[PDB]
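Notes to accompany the following structure.
The numbers here are math on the coordinates, done by the rules we state, and not lab data. Positions of Cβ are generated from backbone atoms using ideal geometry, with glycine treated the same way; all protein chains shown enter the neighbour counts.
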Amino acid sequence: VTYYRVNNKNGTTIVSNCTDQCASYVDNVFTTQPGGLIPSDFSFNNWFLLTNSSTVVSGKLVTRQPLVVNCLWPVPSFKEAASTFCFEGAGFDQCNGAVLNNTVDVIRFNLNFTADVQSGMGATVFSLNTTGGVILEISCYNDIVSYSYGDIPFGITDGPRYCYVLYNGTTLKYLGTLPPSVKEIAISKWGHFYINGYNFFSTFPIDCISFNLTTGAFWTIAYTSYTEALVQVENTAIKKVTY
Amino acid sequence: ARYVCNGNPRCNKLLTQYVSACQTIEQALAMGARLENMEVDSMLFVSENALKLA
Amino acid sequence: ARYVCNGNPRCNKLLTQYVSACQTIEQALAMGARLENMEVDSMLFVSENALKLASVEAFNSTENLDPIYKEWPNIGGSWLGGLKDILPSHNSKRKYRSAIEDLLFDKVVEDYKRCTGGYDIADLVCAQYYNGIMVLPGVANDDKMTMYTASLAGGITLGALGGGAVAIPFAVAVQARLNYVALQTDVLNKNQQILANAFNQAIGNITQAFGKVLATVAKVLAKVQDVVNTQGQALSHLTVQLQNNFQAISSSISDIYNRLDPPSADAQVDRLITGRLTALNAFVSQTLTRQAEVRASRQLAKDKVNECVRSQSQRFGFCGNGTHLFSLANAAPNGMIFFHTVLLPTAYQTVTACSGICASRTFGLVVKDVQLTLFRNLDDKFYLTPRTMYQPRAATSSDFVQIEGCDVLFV
Amino acid sequence: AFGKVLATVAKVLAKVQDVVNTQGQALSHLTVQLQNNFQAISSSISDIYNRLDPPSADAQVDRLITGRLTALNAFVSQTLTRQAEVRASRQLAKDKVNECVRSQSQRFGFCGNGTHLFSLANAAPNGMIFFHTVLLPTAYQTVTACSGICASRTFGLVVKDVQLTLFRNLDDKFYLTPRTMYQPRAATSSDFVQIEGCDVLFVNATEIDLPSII
Amino acid sequence: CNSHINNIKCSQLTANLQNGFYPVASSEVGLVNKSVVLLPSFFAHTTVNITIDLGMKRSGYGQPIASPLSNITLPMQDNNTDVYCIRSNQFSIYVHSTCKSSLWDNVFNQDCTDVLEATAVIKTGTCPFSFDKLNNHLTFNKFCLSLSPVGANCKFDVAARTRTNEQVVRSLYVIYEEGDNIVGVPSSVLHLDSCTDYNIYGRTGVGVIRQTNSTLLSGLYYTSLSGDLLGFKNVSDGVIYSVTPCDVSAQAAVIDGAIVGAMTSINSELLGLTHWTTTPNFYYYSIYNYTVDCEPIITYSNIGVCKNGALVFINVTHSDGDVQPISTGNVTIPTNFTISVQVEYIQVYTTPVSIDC
Ligand SMILES: *[C@@H]1O[C@H](CO)[C@@H](O[C@@H]2O[C@H](CO)[C@@H](O[C@@H]3O[C@H](CO[C@H]4O[C@H](CO)[C@@H](O)[C@H](O)[C@@H]4O)[C@@H](O)[C@H](O[C@H]4O[C@H](CO)[C@@H](O)[C@H](O)[C@@H]4O)[C@@H]3O)[C@H](O)[C@H]2NC(C)=O)[C@H](O)[C@H]1NC(C)=O
Ligand SMILES: *[C@@H]1O[C@H](CO)[C@@H](O[C@@H]2O[C@H](CO)[C@@H](O)[C@H](O)[C@H]2NC(C)=O)[C@H](O)[C@H]1NC(C)=O
Ligand SMILES: *[C@@H]1O[C@H](CO)[C@@H](O[C@@H]2O[C@H](CO)[C@@H](O)[C@H](O)[C@H]2NC(C)=O)[C@H](O)[C@H]1NC(C)=O
Ligand SMILES: *[C@@H]1O[C@H](CO)[C@@H](O[C@@H]2O[C@H](CO)[C@@H](O)[C@H](O)[C@H]2NC(C)=O)[C@H](O)[C@H]1NC(C)=O
Ligand SMILES: *[C@@H]1O[C@H](CO)[C@@H](O[C@@H]2O[C@H](CO)[C@@H](O)[C@H](O)[C@H]2NC(C)=O)[C@H](O)[C@H]1NC(C)=O
Ligand SMILES: *[C@@H]1O[C@H](CO)[C@@H](O[C@@H]2O[C@H](CO)[C@@H](O)[C@H](O)[C@H]2NC(C)=O)[C@H](O)[C@H]1NC(C)=O
Ligand SMILES: *[C@@H]1O[C@H](CO)[C@@H](O[C@@H]2O[C@H](CO)[C@@H](O)[C@H](O)[C@H]2NC(C)=O)[C@H](O)[C@H]1NC(C)=O
Ligand SMILES: *[C@@H]1O[C@H](CO)[C@@H](O[C@@H]2O[C@H](CO)[C@@H](O)[C@H](O)[C@H]2NC(C)=O)[C@H](O)[C@H]1NC(C)=O
Ligand SMILES: *[C@@H]1O[C@H](CO)[C@@H](O[C@@H]2O[C@H](CO)[C@@H](O)[C@H](O)[C@H]2NC(C)=O)[C@H](O)[C@H]1NC(C)=O
Ligand SMILES: *[C@@H]1O[C@H](CO)[C@@H](O)[C@H](O)[C@H]1NC(C)=O
Ligand SMILES: *[C@@H]1O[C@H](CO)[C@@H](O)[C@H](O)[C@H]1NC(C)=O
Ligand SMILES: *[C@@H]1O[C@H](CO)[C@@H](O)[C@H](O)[C@H]1NC(C)=O
Ligand SMILES: *[C@@H]1O[C@H](CO)[C@@H](O)[C@H](O)[C@H]1NC(C)=O
Ligand SMILES: *[C@@H]1O[C@H](CO)[C@@H](O)[C@H](O)[C@H]1NC(C)=O
Ligand SMILES: *[C@@H]1O[C@H](CO)[C@@H](O)[C@H](O)[C@H]1NC(C)=O
Ligand SMILES: *[C@@H]1O[C@H](CO)[C@@H](O)[C@H](O)[C@H]1NC(C)=O
Ligand SMILES: *[C@@H]1O[C@H](CO)[C@@H](O)[C@H](O)[C@H]1NC(C)=O
Ligand SMILES: *[C@@H]1O[C@H](CO)[C@@H](O)[C@H](O)[C@H]1NC(C)=O
Ligand SMILES: *[C@@H]1O[C@H](CO)[C@@H](O)[C@H](O)[C@H]1NC(C)=O
Ligand SMILES: *[C@@H]1O[C@H](CO)[C@@H](O)[C@H](O)[C@H]1NC(C)=O
Ligand SMILES: *[C@@H]1O[C@H](CO)[C@@H](O)[C@H](O)[C@H]1NC(C)=O
Ligand SMILES: *[C@@H]1O[C@H](CO)[C@@H](O)[C@H](O)[C@H]1NC(C)=O
Ligand SMILES: *[C@@H]1O[C@H](CO)[C@@H](O)[C@H](O)[C@H]1NC(C)=O
């Protein structure tokens, strides 16, 4: 296999070579098709089925999932460590491929990591702005707490992490322990926070969401919406989608 | 699907988990009828010259 | 015991109370199979003298041919282009099977020694074995069924029962069959090459049709596969009943005892025992009905062999659609495949028939043999001919019966 | 063999008993369903009313009624299938009487393994027992068969009755014999048919045979 | 029960076996090692201690009586001690008790003795699990105990066991959801090429674990239609292990009240039979000196078994052949005859049954 990069954004199709990690780019970044559909040749790396069940579900199933992409923003680059996203007033200006002008139901974060590295990458905190305005924050700690925030690692962790919802910097709820590997974070408009497809935390509807990164954190951020689709799932990981 | 789920959009969704059961039911009946039609068609015939004076 | 209680020492004890239920289940299946084996064994037989010349290699040689037939280089030479795909072959995979048989078996699809090897992940058959479900061979297994059909085919060209294996040409055996259809009188114009060519081509297309996976071939493949699929589903249906909790906390016996203390765990198990015994009773009833259905089918198979393969039948339409010449048979999954070789007319001859003859004190003459048609030829002479094949015979006095009167239709 | 409780006798005893055992089990199975509580406090109707007041006792009984009616429906379905199976068997019994007992059949292998002579029949539980009396050969006679006769303007002669074998005897005369029993018959002219040609397998006729042959 | 023939008699509930084939286990096992495979995750263990203080007393007759006024103590969490929750990956739960007694009501300044003596036992009430089994590798999404009967699933019955009787004093309520986050532990080792009691990725059973070379498993484990474990993958190496039963069904051939031989798929001595041969589908063990020509007494399938254990196979009936319609050359016509009588049975009617609904 030989890897070429094609860019027709200025109206003329230009062809050049790619180095860096071309294989990773073809495994994570896709061009959005008209209507917001994901190309049939996309491998769905780190795209997990969103479920409320605690168990592992596999096989061919028809479900309502956020698989319609309103805008795909590849390899995002932020002005500062922190950034803000909104479900409503969001603006699409860096969409790869077709852009569909609609309301976003779910913001999906495809995290950048390598197997067996335990690199210094992660988020200090995720801040969820609910309807009334109550700011709830999610942060995870090296040990059990009994105002300092914590660390939510991306990829492989060196040990256990205890996740709490914060308020006034004072722990408000214990959510649980993170999985050995954090590959995807997905946040819904309706107040549901997912890790690797599992509903980790639920609250009141969210108007906006923001976070502060420690010190290219993401492969891509997809602004998506719910549709009915037939999906082939292996270990909560989507392998194929037929809309 | 119609027998079990009576056109109710919300029942048909639950029934997704049993698609293989429905396929077994529908295919079993279809195969039975298919085999019967073949051996029945083998038995039957006509003759135009005989029908003309029948 | 293994199906209901999965080797769990503590479940088997509870199952003691249901021993009479298990005995009923096991005995019912054993009796069904026993009766079947007896009537199947009655049907099957072999003949060593026929088997000796039943192969393709035997047919392709002169070694067994009776010296009186020096004009023939082999047995059925002109017919071998067809027979070679029907007769068993020595030089093949799986011992002695025919080309069509291999196609029929391999396009459709028991060793249990292998289930204990442990060098791979068990397949469906071993997975069933582990649950107490196993398939046994019966009397009509595939190898014995093959011998049966080979012996029948090899009988066609066996000249005598005195002993040894003295063969006659296939063409000679066929000509003998033609005489039963109609006495052959046209000896100066043999049509053996024509019939042999048509036969060889028909088999060519049949063998090809099976390999390709012809209305008759499509019908057979559908029916053969259906028999196989039905038995498969019957057992797959039974094994999945083991996943039914039957209102227990779990379907797994060892899981129940792993989680719950004996005084309560036994109650959970009692429900699973009752449920699983019920599933077995349903299985047995269903199985016995299928055996009854087959019994009726088997009688037809037996009648076909005796009236189409081993002899000439006078039953119109019984051995295929047309005028029956001969039949060959081979093995098939769970039964037999029959090849009915029939005559098909391509053109009809018109003759002017005479009801009878009025002769002179006057008297009538009618034909003694009612199967023959009396007609007058171009030379003004009377001829008789059977209605199944136009083989005209000069009429003589021994063919007629005197009667007192004459009809209006008499000549 | 019957008194002793012969492969044919063993087969019959097994089959006859099985028919009887099956009907027995069908009814024994039905009666034991009455012991099923069907989630009631008891399977006994009088026990329910003896222990429990009518407004609650009726509910316990309604479950037993539903259960027992279900058992009867299963019984009826099972019974009707057995009757259908017997119908097919009965047709065979009828054909056997008409073709083996009341008449001689021309169907090879139908009335026993061998050459059928006669059949007798008796009663049996739920049906009939047939005694097929057949002929069994103990020795075979070898003869040298003639395909036909070529006689002389030449012509062929073939045997009119295709079930007979033509052969020449030790006195050089022609005989005909059926292939089911060796009962040789002197051949005569009324037994032969004239044809235009001769095969290679035909025997050459002599003048001394022609007066009886043609 | 004490012998192989008597074990068959016990199984069948008979004191007199008939000539025939009886289903037996190829072997029996017990007293074997335990093997477990857990999801790697991380070690984080919590010890959970429940203390039950029983207030026993006495009646006029002397019938010892426990006091509903007894105290159950759960460890300290979130200051309140009325609801303790498990917030770790692994846990162990132990119950301990102290028995105190009184002559005067509610003083409890004296040890209980003799007939007053009691020990607390927690037994299954309405929960689909026993308290003492929570130390096995049971798995939960959540598990929390509560002395308050509010919004709680099932309850345990906490009873005082005395030398006279046993009675329930208090209930302990437990909140739980099924899942794989929290695992019970006694206070990831497997034993290969041995019969073992295993618990692998949430699947419990008894069998033999073997290391194999394949890529068949896509997930942690693969099961049969019946739900049984057929094999599993080690998360770290990708190596596949197969799982098979320690024993299989076998058929014991019994003649004249003794085991003559048996068929099995496992090439191992069974039922005291040491000699054997090999058949197309199974191994055959018997009393016969194997490293034949005899008349079988019992049969099944296409197999017969002789009194001396010899194994015989059944042949297909032979015949001379059929007489063909051939009139050329040397042919045979049956001449001498005798009579044979063949007997067959055909069902004509069913016995009609009338049922009064
Ligand atoms: C349908 O009906 C026909 C009858 O018309 C049955 O055919 C008969 O079957 C039997 C059983 O196989 C045949 O008998 C066998 O003959 C063999 C050859 O004959 C030798 O021995 C005789 C002795 O009288 C000599 O006259 C002859 O010249 C030969 O020397 C024997 O070798 C066989 O021996 C077997 O049995 C004996 C006794 O138990 C053993 O000691 C031997 O080791 C060996 O196992 C046997 O005697 C009989 O010849 C067949 N007759 C005909 C006309 O075919 C069909 O079987 C039946 N069909 C069905 C399905 O049942
Ligand atoms: C991508 O890399 C290839 C080399 O693998 C470049 O190929 C060169 O093309 C120029 C003409 O444009 C030739 O003169 C060179 O000789 C080629 N190099 C080699 C090693 O053969 C190709 O140009 C690169 N793509 C772009 C857009 O620059
Ligand atoms: C998990 O369960 C919650 C309910 O507790 C689901 O939330 C609903 O989401 C739909 C959008 O499809 C809204 O129309 C409903 O009003 C929401 N209900 C509530 C109470 O907020 C959530 O979608 C489920 N998530 C998954 C993956 O199944
Ligand atoms: C994904 O993360 C990896 C690190 O895990 C990034 O790779 C590093 O990039 C920096 C900046 O260019 C280099 O100085 C390092 O040497 C690179 N490390 C390795 C191991 O190659 C990568 O750039 C990130 N990619 C995306 C798409 O965000
Ligand atoms: C199927 O049968 C046809 C006969 O109708 C075969 O067609 C003949 O092919 C032979 C040569 O093998 C020619 O001699 C004939 O003239 C053809 N007759 C036709 C075309 O009607 C055909 O080859 C057979 N197919 C197979 C696979 O054997
Ligand atoms: C049977 O087939 C033969 C051919 O093999 C037919 O004979 C032909 O008859 C036509 C007139 O109908 C002549 O023109 C041809 O020269 C003949 N060809 C020959 C003698 O081979 C014969 O007529 C056919 N029979 C019937 C009843 O149609
Ligand atoms: C039919 O049975 C008779 C006996 O009843 C056989 O006749 C015997 O033939 C042998 C020679 O094969 C003579 O040695 C005996 O003296 C004859 N005994 C007689 C005349 O009773 C007769 O050969 C048998 N038929 C066949 C074909 O073997
Ligand atoms: C699963 O595989 C891992 C290795 O990938 C096994 O753990 C290692 O076992 C070896 C024994 O030779 C030790 O030397 C290593 O220190 C262990 N750890 C590591 C990270 O290699 C583990 O035991 C296997 N589990 C099972 C149930 O077989
Ligand atoms: C039919 O069988 C007889 C024997 O019963 C054959 O006659 C013998 O033939 C040999 C030569 O092979 C001579 O040596 C003998 O002297 C002949 N015996 C008698 C009594 O003639 C006869 O040839 C065979 N016929 C056929 C067509 O095979
Ligand atoms: C697009 O980029 C190419 C390459 O730099 C350039 O040649 C072309 O003129 C650009 N198109 C426009 C509209 O500027
Ligand atoms: C996140 O970044 C914003 C903007 O720089 C800053 O005001 C805020 O205090 C930061 N919060 C944390 C927890 O780092
Ligand atoms: C949350 O959204 C409200 C919308 O009015 C805004 O006033 C408030 O500052 C936001 N808080 C954040 C972004 O933390
Ligand atoms: C603490 O919480 C109260 C909620 O009533 C909020 O008004 C206050 O500003 C918070 N204190 C700090 C330092 O954020
Ligand atoms: C018959 O033998 C010849 C060799 O003499 C061979 O070429 C031919 O293919 C064989 N025929 C068959 C049907 O095997
Ligand atoms: C036969 O000839 C006689 C004498 O001419 C005639 O009367 C009779 O009708 C003829 N028969 C028929 C059937 O025409
Ligand atoms: C019959 O005799 C003639 C004259 O000798 C001869 O040519 C012919 O071949 C003989 N027939 C047979 C079948 O041998
Ligand atoms: C149990 O395991 C030990 C090794 O720790 C081994 O020596 C012994 O043979 C095993 N016994 C059984 C019954 O598995
Ligand atoms: C449980 O009790 C034992 C004494 O039997 C003690 O050693 C252990 O530390 C206690 N554990 C907890 C969590 O209190
Ligand atoms: C339990 O503690 C209470 C105080 O809450 C005390 O009054 C009572 O006597 C104790 N009961 C026992 C130890 O049985
Ligand atoms: C029963 O109670 C009464 C009132 O307290 C008391 O007078 C009497 O002695 C008691 N009898 C007993 C303890 O058996
Ligand atoms: C597995 O290992 C054994 C022992 O070396 C070898 O015989 C077998 O062929 C191997 N199988 C595979 C699929 O590698
Ligand atoms: C027969 O038994 C003897 C022992 O007395 C043994 O040495 C011999 O090998 C056995 N024969 C066979 C075939 O196993
Ligand atoms: C008949 O039985 C013998 C053993 O006596 C065996 O070797 C032979 O292969 C069997 N033959 C048939 C045709 O079943």
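Quick look at the numbers
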quantity	calculated
Alpha-carbon radius of gyration plus Dmax, which is the widest Cα pair, for the protein assembly as shown in Å	42.9, 148
In nm, spacing of pseudo-spin labels at residue C:362 and residue A:181 (7 Å Cα→C-beta vector)	11.1 nm
Ranked list, fewest to most other Cβ atoms within 10 Å of each Cβ, for E:313, D:167	E:313, D:167
Whole-Å semi-axes of the ellipsoid equivalent to region C:1-50 (Cα gyration tensor, √5λ, descending)	39, 13, 5
Alpha carbon centroid spacing (whole Å) that separates region C:344-365 from region D:158-214	28 Å
Proxy reagent accessibility, fewest Cβ within 10 Å first, across A:135, A:187	A:135, A:187
Approximate shape of region C:160-277 as ellipsoid semi-axes (Cα gyration tensor, √5λ), whole Å, largest first	67, 19, 12
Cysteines in chain C lacking a second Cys C-beta under 4.7 Å	C:22, C:354
Mean projected area (nm²) of the alpha-carbon convex hull when region C:1-97 is viewed from all directions	11.0 nm²
At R0 = 30 Å, FRET efficiency that the Cβ-Cβ distance of residue C:208 and residue C:109 yields, to 0.05	0.90
12 Å reach of a label modelled at residue E:175, 7 Å along Cα-to-Cβ, counting backbone N of region A:153-175	A:174
Part-to-part distance (alpha-carbon centres) for region E:313-357 and region E:177-205, which is given in Å	63 Å
Distance histogram in 5 Å bins (all Cα pairs of region E:1-45, percent per bin)	5, 14, 20, 12, 8, 7, 7, 7, 5, 8, 5, 3, 0
Separation in nanometres of the label points that stand 7 Å from Cα toward Cβ, at residue D:152 and residue E:71	13.9 nm
For region A:221-237 versus chain B, the gap between their alpha-carbon centres in whole angstrom	35 Å
Inter-probe distance in nm under a simple model that places probes 7 Å from Cα toward Cβ, at residue B:47 and residue C:377	2.9 nm
Percent of Cα-Cα distances greater than 13 Å, calculated over region A:203-242	77 percent
Alpha-carbon spread of region D:36-110, three principal axes, descending order, Å	75, 15, 15
Rounded to 5, the percent of DSSP beta bridges in chain C classed as antiparallel	95 percent
Approximate shape of region A:16-133 as ellipsoid semi-axes (Cα gyration tensor, √5λ), whole Å, largest first	22, 21, 20
Sum of side-chain charges, residue C:94 neighbourhood, beta-carbon under 10 Å (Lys, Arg +1; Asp, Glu -1)	-2
Dipole magnitude (debye, nearest 20) for the protein assembly as shown, charges at Cβ of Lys, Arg, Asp, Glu	1380 debye
Whole-number Å³ per residue for the convex hull built on Cα positions in region A:98-243	134 Å³
Virtual paramagnetic centre 7 Å along Cα→Cβ of residue D:70, amide N under 17 Å, in region D:25-63	D:30-44, D:59-63
Calculated P(r) of region C:357-411 - Cα pairs past 19 Å, %	28 percent
Cut-off 13 Å (backbone N to label point 7 Å along Cα→Cβ of residue E:119), residues of region E:78-106	E:95-99
Listed residues E:158, E:50, C:329: farthest to the positive end of the dipole of the protein assembly as shown (Cβ charges)	C:329
Cβ crowding within 10 Å averaged over residues, with B:22-33, C:342-353, E:301-312 ranked highest first	E:301-312, B:22-33, C:342-353
Nearest-0.05 FRET efficiency for residue A:13 and residue A:83, computed from C-beta distance (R0 35 Å)	0.65
Cα centre as origin, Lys/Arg/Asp/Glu Cβ charges: region A:84-183 dipole, Debye	140 debye
At 1.002 mPa s and 20 °C, Stokes diffusion of chain C via Kirkwood alpha-carbon radius, µm² per second	81 µm²/s
Förster-model FRET efficiency, 25 Å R0, residue B:22 and residue A:243, C-beta, rounded to 0.05	0.65
Cβ charges +1 (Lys, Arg) and -1 (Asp, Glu), total dipole of region C:61-220, debye	160 debye
Selection from B:50, B:24, B:38, by position along the positive dipole direction of chain B (Cβ)	B:24
Chain E: translational diffusion in µm²/s, Stokes-Einstein, Kirkwood Rh over Cα pairs, 20 °C, 1.002 mPa s	77 µm²/s
Out-of-range pairs (alpha-carbon distance over 22 Å; input A:173/E:123; A:173/E:142; B:13/E:233; A:173/E:155; A:240/B:13; C:52/C:144)	A:173/E:123; B:13/E:233; A:173/E:155
Residue (of A:97, A:134, A:84) at the positive-pole extreme of region A:69-155, dipole from beta-carbon charges	A:97
All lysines inside 29 Å of residue D:173 as judged from Cα atoms, apart from same-chain residues fewer than 8 positions distant	C:70, C:368, D:160
Cα-derived Rg to Rh of region A:136-199, Kirkwood definition	0.95
